[PDB]
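Novice: Experimental coordinates for this protein are included below, preceded by the sequence.
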Amino acid sequence: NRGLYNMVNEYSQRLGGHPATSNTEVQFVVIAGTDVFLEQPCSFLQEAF
Amino acid sequence: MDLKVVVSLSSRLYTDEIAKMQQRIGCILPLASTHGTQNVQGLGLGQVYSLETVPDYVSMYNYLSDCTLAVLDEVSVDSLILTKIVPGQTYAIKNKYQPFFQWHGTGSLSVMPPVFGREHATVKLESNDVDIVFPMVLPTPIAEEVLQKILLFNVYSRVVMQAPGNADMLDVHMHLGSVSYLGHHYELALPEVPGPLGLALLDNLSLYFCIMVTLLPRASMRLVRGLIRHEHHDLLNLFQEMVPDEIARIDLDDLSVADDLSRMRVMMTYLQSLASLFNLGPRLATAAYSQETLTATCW
Amino acid sequence: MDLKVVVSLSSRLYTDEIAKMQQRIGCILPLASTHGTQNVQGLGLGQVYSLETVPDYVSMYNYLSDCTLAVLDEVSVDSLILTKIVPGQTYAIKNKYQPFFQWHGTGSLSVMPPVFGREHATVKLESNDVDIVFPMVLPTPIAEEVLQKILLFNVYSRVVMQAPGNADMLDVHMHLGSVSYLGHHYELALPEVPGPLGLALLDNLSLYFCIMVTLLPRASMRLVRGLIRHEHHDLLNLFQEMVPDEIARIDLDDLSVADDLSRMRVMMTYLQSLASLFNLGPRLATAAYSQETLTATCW
Amino acid sequence: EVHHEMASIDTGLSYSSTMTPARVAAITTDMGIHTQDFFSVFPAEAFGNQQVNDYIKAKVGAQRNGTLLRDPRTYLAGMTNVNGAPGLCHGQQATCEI
Amino acid sequence: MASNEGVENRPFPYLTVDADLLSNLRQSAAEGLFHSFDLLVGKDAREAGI
Amino acid sequence: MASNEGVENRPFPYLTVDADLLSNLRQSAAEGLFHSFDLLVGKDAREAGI
Amino acid sequence: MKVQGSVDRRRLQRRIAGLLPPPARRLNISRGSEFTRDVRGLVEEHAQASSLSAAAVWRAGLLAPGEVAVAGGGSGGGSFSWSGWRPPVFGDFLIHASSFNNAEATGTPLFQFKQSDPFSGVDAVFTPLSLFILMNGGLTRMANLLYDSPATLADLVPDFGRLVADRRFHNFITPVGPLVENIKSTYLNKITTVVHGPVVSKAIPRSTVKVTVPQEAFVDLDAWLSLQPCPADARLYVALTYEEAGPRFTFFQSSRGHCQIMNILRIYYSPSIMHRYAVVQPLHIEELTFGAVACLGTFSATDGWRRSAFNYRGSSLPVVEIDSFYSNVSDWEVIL
Amino acid sequence: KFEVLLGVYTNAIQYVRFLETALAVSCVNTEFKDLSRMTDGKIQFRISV
Amino acid sequence: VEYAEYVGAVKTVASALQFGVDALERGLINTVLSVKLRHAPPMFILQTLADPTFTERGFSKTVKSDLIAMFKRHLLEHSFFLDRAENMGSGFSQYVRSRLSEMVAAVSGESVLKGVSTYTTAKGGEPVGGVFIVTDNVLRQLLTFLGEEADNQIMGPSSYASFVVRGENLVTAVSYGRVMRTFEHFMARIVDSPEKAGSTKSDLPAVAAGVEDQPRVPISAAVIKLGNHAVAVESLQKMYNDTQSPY
């Protein structure tokens, strides 16, 4: 809801709510972003392709 | 030797909040990692006491023993500095927990998950999008009662679970709903429904009770049978004049000193092993205390 | 660090009173405060075990657990020198205790209150008008078997006093009189069982045990019957059949849901304190022993 | 242990960097029809009759092909252990939801 | 009440005066003679850091 | 399945060379690009006695 | 005009000067230095075992009032501790040479059986393999090559039939701690183990002791159950379980905690409890007890237990070895 | 007859200095000896439109 | 045979320091790299926030509705450009220069230290505009696509600057919580010579008092000139391959 300069900032400065893990057999929620290097663009938009 | 942990905050925390965290100085909280530099995500008890999932006090109990513990030392805009708690050391600890209890000099202290309230423990970090949930530490004598009140609420709110009559609230909240301390009544946060690990723990109790029930020495029952009717005592006011009916049924046989000696022996080994069941947490011993300083010397 | 205490006196000791404490020069004494210079009214156990009030086992047990221990080094006119017992240090301790029990290497020594006569534990100082009482330091396996036998001897003697037809005292002294451990035989002198219930320090311990015993069948059956679920412990269903038939017959409707909590809360508070009691509180391990010198290398 | 401390400050007010996805190297998920298993997410909830519930929990597949593999170590000890899938040709399964 | 903390413990170059301040100092502090006082006991009586 | 006991941790004076041997070394040793290897972590990374 | 009025300030300054300096930590690093003799001071560990020369003892500093030797003469002794470093406590035993096999592993935990005769000269001590022969290819073959003539064990324990039936065997066995030194004597061996301390060998070319357990017996309790915390310490336990075919002796490893571990075991033994409690066994007063669990000491989690082989007469036995053990023994807890 | 050692070889460690890297161009560096005392930092821009 | 073990011991422990202090230099390079990665917004968002024509009036309810529509377009249509460049054919190289130089124009370079001269190329002049951080494999694509390099070496500082609290800053650090950098610039300007108007030329020696002092030294880099800009390209992947870490 907050101004877009808060979303562009929190786009990279913080990983979104509960993204999936990587290189596991199935997807869990990720809690320790040690070497998590992801960005998720549809979070801004709220649309699916 | 050099026991310290610095937790770096990703985003600067607000001015109104730096006052709240500083009030919590010298308060224990459990760290996930025993390493010199860490993140916030492991800092507090908040991962196991998430707002979304239903609380489970025994689950938080197990987490408290697994974790390493630390004492809060310094609060900055960007960094929190702590010192770990190690077995072979001594620490100066402070009594800063919000539901207040006055510690006795030279008595053991027990650490426990936040039971008197979720609001009391949380210091919400709106900036870093987390909340730090401290544990609660009490004197050991009173913590043992708090543990019993929680367990007995699972079993009794199972039978009477929801009754349209006054069966619930007749005694469950009148007995188990609150702990009364010196000149004070502290209300307890009782979970509405226990699903995990609360019934699993009580199962291991009923395992002991079904063993022990066979090993009761008969000379003990025959003593109380007479004491309730003939003599009067403060302890025996619980039983009004009438004796329980079951005691009248087990006590048929005449006494034998040879039998009881082997019951009191075998039962005794099960009671020693019982003590390891009720612990469920780490305890700290005290050496000094100053009601004006609020600073004990735990160990 | 400096582990040393100097207990200074107000008046000199008699040539007799000095020799009676040279006999107990290597042995354990509780302490009131850890500070380097102290008074004499603090050190003994007589503050809890006194001629003026009725002694209690649980009051002496509660005291030894949290207190500070010490070992006697040297005795002089108007002085006493001790060293503190602190974790992380090996000590050399002699065994000057009046009811003499043999010791073994690598055993587990237990500090317990003096349950035999008070004349064995005390050393009366007529100079300073105090008496120093020594806690019994005992090999733990003997402490356990002695603890149940005097607790049983107390329950039986009261039973047979209430009615003569119940039991035979000659059979009571036969099985409860002697104690054998590891090839050695020791005979413990039984006391004279004071009539009124309040005296006889074991009376509070015996009441706590016998009231729990009388409630356990009523309360254990409530726990198991309520715990039945879909996914429960595998053994929980098995140990039900183990229960005696006379216990299973009870119906929970007889007592109201008002009393069931009153009985359960009372039964659970006693059961918990009783379990930590039978662990026998403070312990210290042994690594070597020389029967010629009576010196145990403990810690 | 070796410690180090650093502090940083911005020299100017506006955005001073920009990263971009340049060139796709792989497709990790596999885009499979794998559906999320509801029994695993909510394992306690069930229907009234036991036998009826068992029939549904089997004709659907939630025991030999369930995701989370419950057994006494789960309900008794409170641990979650993922299940099976000896080998996968495609990659990390992408859970679908309905 | 009587918050009594709005004092700074910063290390200062202090001035020594012969006027004795120790008369009834603890009782006064305890009964709230003056607001904004601080008591330091033991290791806290050190000269404060920077 | 072939691992150590073909290797000896005797303290040899080794010859330092230019080549880069750190590339993909961990994964290669994991999937077994070579029999008779060894991995010494921490306090075990040292020269053995004589 | 200088009124003596108390202890002289100047003398106490000298005496508090020695007690003031604490042990050194937190040294800062300069690549411009890239090393310093000061870093050596922080790093050096400065241990025992001098050379018996008149001065070599003083140079090494074994004559120190502390529990640990510190050199420097009067200048030494400022640490007043070494992060709580505690010297090991040793336990010496006198054993028949036919009951203890010399080709043991110096690190195997030992168990002493409590004899029931007073004034007895020699002790009775059992390894985890001798215990197997007593209580009765894998363990079976390696146990027999080591200990033939099982009678020499059964006569050390003459109540073994009555103790396993009364469920009282476990309390006459006390865990002692891993072997450290073994002397070979043709009649009566002198065995030494470490009770309560960091288990370190006394060999003069200093070496590392690592405690070993046969892999048939070792059950890793963690990874059997398979956020969650990652603590530092982990502990090793033993269990004496009275079953149908006979008493059994196993080892466990985990880092959870005492109240959790007792629960985990009651679900790890739930099949064996039922099978025993089945029609095979009837209710009796003493036959109830199932087993006992004791803790032997802590070691570093996250690593510190390898796998290796123990060879003797051209046969091997898979064995696990724990690195940097710390012996700390508790008494038995009954489980059921 | 014999078995022969043929060689012994070891890796050669290589130093990496932040100030010799390409990235260093983006940031400006000052050495603060006692950063552990700094509690906050501040810059303030005043502009007229 | 004991002295031979002594020199074996010293080499182990001295080895474990060169391990530790090496792990702190890479830790330094990696903490500056991940700091820039967290302040770097995506290119589909930043591409349109650059044109001041749309945002002239301000982000009203409807201006925000147009922007969020052009994020979707650039996200869905111009992502993965280096892969979108292979299908193109002949227009490849002019596409990659157009797409890279687009990244330079969106980054706001109006920082306080524009007047300072930190880095310059080997060949005379040409201040370095910035640095492209790429992977190893992409670095080969770019070198081909763009053509032969311009300078391949840049000159910069060899050491840090220093900040000390000695003097009058101390007296305000012990008395008041505060410290102020370049106290002497304040005193010379507040009390000594007030109401002398400040100008860009006279204040410059104080805006960059410490930074431009250090002597120049060569740094091995790769520079290609995107129009009016000397810009460097380097990849730190070698650091992460041998430390056994992901880049």
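Specialist: Thanks, I have it. Numbers count the residues shown, from 1 in each chain, chains lettered A, B, ... in the order given.

Novice: In stretch I:194-214, which residues are buried?
Specialist: Residues of stretch I:194-214 classed as buried: I:208, I:210, I:211, I:214 (neighbour count, 16 or more other Cβ atoms under 10 Å in any protein chain shown). Every C-beta, even on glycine, is put in place using the N, C-alpha and C of the backbone.

Novice: Distance of the last one relative to residue I:119?
Specialist: Noted for residue I:214: a distance of 12 Å to residue I:119, by Cβ to Cβ, to the nearest Å.

Novice: which one of the buried residues of stretch I:194-214 is nearest residue I:241?
Specialist: residue I:214 (31.5 Å; Cβ to Cβ).

Novice: What strand or helix carries that closest one?
Specialist: For residue I:214, there is no enclosing helix or strand under DSSP states H and E.

Novice: Not counting sequence-adjacent ones, nearest residue to it?
Specialist: Spatial nearest neighbour of residue I:214, chain neighbours left out: residue I:157 (4.1 Å); criterion: Cβ to Cβ, 6 or more residues apart in numbering or on different chains.

Novice: hmm, stretch D:89-98 in reach of chain A?
Specialist: Yes: applying Cβ under 8 Å from any Cβ of the partner chain, one finds stretch D:89-98 in contact with chain A at D:92, D:93, D:94, D:95.

Novice: Show me just the buried residues among those.
Specialist: Applying 16+ other Cβ under 10 Å to those flags D:92, D:93, D:94, D:95 as buried.

Novice: Report the contact partners of the last one.
Specialist: If I follow you right, that is residue D:95. A:26, A:27, D:34, D:35, D:36 (Cβ atoms under 8 Å, 6 or more residues apart in numbering or on different chains).

Novice: Buried ones from the residues you listed, can you make that a PyMOL selection?
Specialist: The buried residues among the contacts of residue D:95 can be selected in PyMOL (16+ other Cβ under 10 Å) with this line:
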select buried, (chain A and resi 26+27) or (chain D and resi 34)
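
Novice: Can you tell me how far the residue positioned nearest the centre of chain A is from residue I:48?
Specialist: The residue lying closest to the centre of chain A (Cα atoms, centre = their mean) is residue A:16, at 3.4 Å. Separation of residue A:16 from residue I:48 (Cβ to Cβ) stands at 22 Å.

Novice: now do residue I:114
Specialist: 25 Å.

Novice: Of the two, which one has the most company?
Specialist: residue I:48 (18 against 11; other Cβ atoms under 10 Å in any protein chain shown).

Novice: got a list of what residue B:137 touches?
Specialist: B:28, B:97, B:109, B:110, B:111, B:112, B:284.

Novice: Can you pull the phi and psi angles for the residue nearest to the third one when sequence neighbours are not counted?
Specialist: Sequence neighbours aside, residue B:284 is the residue nearest to residue B:109 in space, at 4.6 Å (criterion: Cβ to Cβ, 6+ apart). In this entry, residue B:284 is assigned phi and psi values of phi -120, psi 140 (degrees, to the nearest 10).

Novice: what separates the longest helix anywhere in chain D from the chain centre, distance-wise?
Specialist: With secondary structure taken from DSSP state H, chain D has its longest helix at helix D:50-59. Relative to its parent chain, helix D:50-59 has a centroid offset of 25 Å by Cα atoms, centre = their mean, to the nearest Å.

Novice: ok, residues contacting that helix?
Specialist: Contacts for helix D:50-59 (Cβ under 8 Å, 6+ apart): C:230, D:39, D:46, D:47, D:63.

Novice: And stretch G:305-318, what's buried?
Specialist: Buried residues in stretch G:305-318 (16+ other Cβ under 10 Å): G:305, G:308, G:310, G:317.

Novice: Now tabulate those in TSV and tack on distance to residue B:172 and secondary structure.
Specialist: Formatted as TSV, the buried residues of stretch G:305-318 follow (distance: Cβ to Cβ, whole Å; DSSP: H, G, I helix; E, B strand; the rest coil):
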residue	distance to residue B:172	secondary structure
G:305	48	strand
G:308	58	strand
G:310	60	strand
G:317	58	strand
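
Novice: what would these look like in CSV with distance to residue I:146?
Specialist: As requested, those are exported to CSV (distance: Cβ to Cβ, whole Å):
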residue, distance to residue I:146
G:305, 55
G:308, 58
G:310, 65
G:317, 66
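
Novice: for those, which one is nearest chain E?
Specialist: Nearest to chain E out of those is residue G:305 (Cβ to the nearest Cβ; 42.5 Å).

Novice: Once you drop chain neighbours, what's closest to the residue of chain D found nearest chain E?
Specialist: Of all residues in chain D, residue D:5 sits closest to chain E, with a separation of 16.5 Å (Cβ to the nearest Cβ). With sequence-adjacent residues excluded and distances taken as Cβ to Cβ, 6+ apart, residue D:5 is closest to residue H:35, at 5.2 Å.

Novice: Could you count how many residues lie near the one you found?
Specialist: There are 12 residues near residue H:35, going by other Cβ under 10 Å.

Novice: State the distance from it to chain F.
Specialist: 31 Å (Cβ to the nearest Cβ, to the nearest Å).

Novice: Touching, that residue and residue D:8? I think so.
Specialist: No: taking Cβ atoms under 8 Å as the definition, residue H:35 is not a contact partner of residue D:8, at 11.4 Å.

Novice: any idea which element the most centrally placed residue in chain E lies in?
Specialist: Taking Cα atoms, centre = their mean, the centroid of chain E lies closest to residue E:38, which sits 4.7 Å from it. Residue E:38 belongs to no helix or strand when assigned by DSSP H and E.

Novice: Nearest spatial neighbour of it, chain-adjacent residues omitted?
Specialist: Nearest one to residue E:38, counting by Cβ to Cβ, 6+ apart, is residue E:7 at 5.1 Å.

Novice: For chain H, what's its nearest residue on chain A.
Specialist: For chain A, Cβ to the nearest Cβ, closest residue to chain H: residue A:12, 16.3 Å.

Novice: quick one, what contacts that residue?
Specialist: With the criterion set at Cβ under 8 Å, 6+ apart, residue A:12 makes contact with A:39, D:19, I:37, I:38, I:39, I:40, I:41, I:42.

Novice: contacting residues for the fifth one?
Specialist: By Cβ under 8 Å, 6+ apart, the contact list for residue I:39 reads A:12, A:13, D:10, D:15, D:16, D:17.

Novice: give me that answer again for 7 Å
Specialist: D:16, D:17 (Cβ atoms under 7 Å, 6 or more residues apart in numbering or on different chains).

Novice: Phi, psi for residue 6 please.
Specialist: This is for chain A. With angles defined as degrees, to the nearest 10, residue A:6 sits at phi -90, psi -30.

Novice: Not quite, go with chain H.
Specialist: According to degrees, to the nearest 10, residue H:6 has phi -110, psi -20.

Novice: Now the nearest residue to residue G:213 once chain neighbours are set aside: which helix or strand?
Specialist: Of all residues not flanking residue G:213 in the chain, residue G:251 sits nearest, at 5.0 Å (Cβ to Cβ, 6+ apart). Using DSSP H and E, residue G:251 maps to strand G:247-254.
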